[PDB]
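Chemist: sequence? don't have it. structure:
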Ligand SMILES: [Zn+2]
């Protein structure tokens, strides 16, 4: 195995909102930031992959 389990360093995987491709949002976010941005992405926010961001 390996060991990488630390606070802040959190991998919140969402998607490219236009190709459904997996965006593992590797962030360094405290629990409450992670929670808050969870609610935003659950609500209305979403991201795009750099391929789609370059294409449209
Ligand atoms: Zn995309």
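Modeler: Cool, got the structure. Residues are numbered from 1 along each chain as shown.
Chemist: which SS class is the residue nearest the centre of the chain?
Modeler: Closest to where the C-alpha atoms of the chain average out (CA atoms, centre = their mean) is residue 25, at 2.9 Å. Under DSSP: H, G, I helix; E, B strand; the rest coil, the three-state class of residue 25 is strand.
Chemist: With the ion as the reference, measure out to it.
Modeler: Using CB to the ion, to the nearest Å, residue 25 is found at 13 Å from the ion. In short, each C-beta sits where N, CA and C put it, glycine included.
Chemist: try residue 7
Modeler: Plainly put, residue 7 is 29 Å away from the ion if you go by CB to the ion.
Chemist: cool, and residue 5?
Modeler: As defined by CB to the ion, residue 5 lies at a distance of 29 Å from the ion.
Chemist: ok, now which ones touch that residue?
Modeler: Applying CB atoms under 8 Å, 6 or more residues apart in numbering to residue 5 gives no contacts.
Chemist: dump the residue contacts of the residue lying closest to residue 28 once chain neighbours are set aside.
Modeler: The shortest distance from residue 28 to any non-neighbouring residue, by CB to CB, 6 or more residues apart in numbering, is to residue 8 (3.9 Å). By CB under 8 Å, 6+ apart, residue 8 lies in contact with 27-30.
Chemist: Need the contact partners of the lengthiest helix in the chain.
Modeler: Counting residues, the longest helix found in the chain (DSSP state H) is helix 31-43. If you take CB under 8 Å, 6+ apart as the criterion, helix 31-43 is touched by 7, 10, 12, 14, 27, 29, 45.
Chemist: Distance from it to the middle of the chain?
Modeler: When distances are taken as CA atoms, centre = their mean, to the nearest Å, helix 31-43 is centred 10 Å away from the chain's centroid.
Chemist: Buried residues in that helix, which are they?
Modeler: If you call a residue buried by 16 or more other CB atoms under 10 Å, then helix 31-43 has these buried ones: 34, 37.
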